[PDB]
Amino acid sequence: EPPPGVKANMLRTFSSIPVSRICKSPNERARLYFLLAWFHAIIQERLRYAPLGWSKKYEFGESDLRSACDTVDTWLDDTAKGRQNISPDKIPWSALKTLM
Amino acid sequence: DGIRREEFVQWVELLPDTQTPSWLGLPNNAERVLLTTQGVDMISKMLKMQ
């Protein structure tokens, strides 16, 4: 069984992602991945409290995290073509909120 | 505040042990409901053993 706890989930997600995919590009991709991991941990650990939380026991899993990582990667690459530290405002926040 | 994987990882391992339900935004007493549900589940599981 997976160990219960937010910290365990975030550690597992971080170990899942290769460092080459999390460190390349603008240096903000790392913090974007951290936000993705925290959001995944919140929506996957709330799942245990099925009545008070996700009304039905949804199936948010590894594939969803991989798809979200692919989305973040593609949209950050398209928004920031270079490798400079893209400003926070220029981050496609609306795209990530809408797609996810 | 970090610019690389390592800073965020060290922040993760530094998280306090006490994960209250207030972490998720749920009220802290949802743990009480979860424990009551699991207790009733244990009662039922024992009951079906006859």
# chains A, B, ... in the order shown; residues from 1 in each chain; ligands from 1
$ residues_around --residues "segment 4-17 of chain B" --least-positions-apart "5" --cutoff "10 Å" --atoms "only C-alpha atoms" --output "number ranges by chain"
A: 5-8, 10-11, 14-15, 19, 22-24, 27-31, 33-34, 38
$ residues_around --residues "segment 76-79 of chain A" --least-positions-apart "5" --cutoff "9 Å" --atoms "only C-alpha atoms" --output "MDAnalysis selection string"
chainID A and resid 25:26 29 71 86 90:92
$ closest_residue --among "A:98, A:52, A:3, A:44" --to "chain B" --atoms "only C-alpha atoms"
A:52
$ atom_distance --atom1 "atom CA of residue 55 of chain A" --atom2 "atom CA of residue 39 of chain B"
20.7 Å
$ decode --residues "segment 6-21 of chain A" --atoms "N, CA, C and O atoms" --output "mmCIF file, in the first residue's frame"
data_model
loop_
_atom_site.group_PDB
_atom_site.id
_atom_site.type_symbol
_atom_site.label_atom_id
_atom_site.label_comp_id
_atom_site.auth_asym_id
_atom_site.auth_seq_id
_atom_site.Cartn_x
_atom_site.Cartn_y
_atom_site.Cartn_z
ATOM 1 N N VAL A 6 0.623 13.535 2.945
ATOM 2 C CA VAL A 6 0.958 14.438 1.848
ATOM 3 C C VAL A 6 2.444 14.356 1.524
ATOM 4 O O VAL A 6 2.836 14.287 0.352
ATOM 5 N N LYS A 7 3.291 14.349 2.557
ATOM 6 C CA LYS A 7 4.735 14.372 2.344
ATOM 7 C C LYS A 7 5.198 13.148 1.564
ATOM 8 O O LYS A 7 6.035 13.254 0.658
ATOM 9 N N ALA A 8 4.662 11.974 1.902
ATOM 10 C CA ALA A 8 5.027 10.760 1.181
ATOM 11 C C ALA A 8 4.631 10.856 -0.286
ATOM 12 O O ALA A 8 5.396 10.465 -1.175
ATOM 13 N N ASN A 9 3.435 11.383 -0.558
ATOM 14 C CA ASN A 9 2.979 11.518 -1.938
ATOM 15 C C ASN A 9 3.875 12.465 -2.725
ATOM 16 O O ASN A 9 4.246 12.180 -3.870
ATOM 17 N N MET A 10 4.228 13.607 -2.130
ATOM 18 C CA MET A 10 5.078 14.562 -2.834
ATOM 19 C C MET A 10 6.466 13.986 -3.076
ATOM 20 O O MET A 10 7.052 14.179 -4.147
ATOM 21 N N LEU A 11 7.012 13.270 -2.089
ATOM 22 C CA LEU A 11 8.313 12.636 -2.280
ATOM 23 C C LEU A 11 8.260 11.597 -3.391
ATOM 24 O O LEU A 11 9.178 11.509 -4.215
ATOM 25 N N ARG A 12 7.188 10.803 -3.431
ATOM 26 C CA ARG A 12 7.046 9.799 -4.478
ATOM 27 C C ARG A 12 6.946 10.447 -5.853
ATOM 28 O O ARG A 12 7.579 9.989 -6.812
ATOM 29 N N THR A 13 6.161 11.520 -5.965
ATOM 30 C CA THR A 13 6.039 12.214 -7.244
ATOM 31 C C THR A 13 7.369 12.818 -7.676
ATOM 32 O O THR A 13 7.732 12.749 -8.855
ATOM 33 N N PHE A 14 8.104 13.419 -6.738
ATOM 34 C CA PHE A 14 9.394 14.012 -7.075
ATOM 35 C C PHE A 14 10.382 12.948 -7.532
ATOM 36 O O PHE A 14 11.110 13.140 -8.513
ATOM 37 N N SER A 15 10.421 11.811 -6.832
ATOM 38 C CA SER A 15 11.301 10.726 -7.251
ATOM 39 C C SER A 15 10.875 10.149 -8.592
ATOM 40 O O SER A 15 11.711 9.628 -9.339
ATOM 41 N N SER A 16 9.582 10.226 -8.913
ATOM 42 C CA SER A 16 9.097 9.698 -10.184
ATOM 43 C C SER A 16 9.666 10.480 -11.363
ATOM 44 O O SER A 16 10.072 9.892 -12.372
ATOM 45 N N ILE A 17 9.706 11.804 -11.253
ATOM 46 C CA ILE A 17 10.102 12.673 -12.359
ATOM 47 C C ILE A 17 11.620 12.722 -12.476
ATOM 48 O O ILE A 17 12.307 13.030 -11.492
ATOM 49 N N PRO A 18 12.183 12.421 -13.646
ATOM 50 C CA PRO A 18 13.633 12.566 -13.826
ATOM 51 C C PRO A 18 14.074 14.012 -13.655
ATOM 52 O O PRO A 18 13.333 14.948 -13.962
ATOM 53 N N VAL A 19 15.299 14.186 -13.152
ATOM 54 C CA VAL A 19 15.817 15.525 -12.884
ATOM 55 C C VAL A 19 16.070 16.287 -14.179
ATOM 56 O O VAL A 19 15.975 17.522 -14.212
ATOM 57 N N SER A 20 16.396 15.576 -15.262
ATOM 58 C CA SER A 20 16.633 16.240 -16.540
ATOM 59 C C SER A 20 15.381 16.946 -17.042
ATOM 60 O O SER A 20 15.473 18.019 -17.648
ATOM 61 N N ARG A 21 14.209 16.360 -16.805
ATOM 62 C CA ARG A 21 12.948 16.958 -17.219
ATOM 63 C C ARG A 21 12.498 18.085 -16.298
ATOM 64 O O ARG A 21 11.692 18.926 -16.714
#
